[PDB]
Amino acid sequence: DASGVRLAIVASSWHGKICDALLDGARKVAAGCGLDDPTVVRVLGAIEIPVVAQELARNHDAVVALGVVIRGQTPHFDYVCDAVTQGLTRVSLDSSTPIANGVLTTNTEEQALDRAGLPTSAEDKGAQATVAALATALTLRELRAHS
């Protein structure tokens, strides 16, 4: 069910059509699980996600990070992806809070489209990440102090 879980979702905006679709999947999983009012915040790019996730983790049980990084002509793809990976990992462990990674990292636009839960997509990593976030919050809840 997961109805008492306090959920935040932060979604970057680069490749907005794809980002909006990941957000839609995340919000739909949340609503399906009895959460109609997750905290939803938008940032410009994937690199902006961790600092916002850090703020949200102070008062949520779980944060879903959503965005889309697609490789271009330069090495910059590598470093955007390294920053996000390093940042979200650090935020989760500093805050002892699940930070689910639904940031697509693809070689091509077609690969990102296929993973965003658009109408013809094979899958929706935004929805998947949201399941991960909720299930992990629930597990931590059962492990922690209650008596």
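Note that residue numbering follows the sequence shown and begins at 1.
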Between the two ranges 34 to 42 and 48 to 56, the one averaging a larger CA B factor in the entry = 34 to 42
Per the entry, higher mean C-alpha B factor between 13 to 21 and 134 to 142 = 13 to 21
Using the entry's values, work out which of 116, 103, 26, 70 has the largest Cα B factor.
-> 103
Third assignment of residue 108 from its chain's C-alpha B-factors | lowest
Can you work out whether the C-alpha temperature factor of residue 85 puts it in the lowest, middle or highest third of the chain?
-> highest
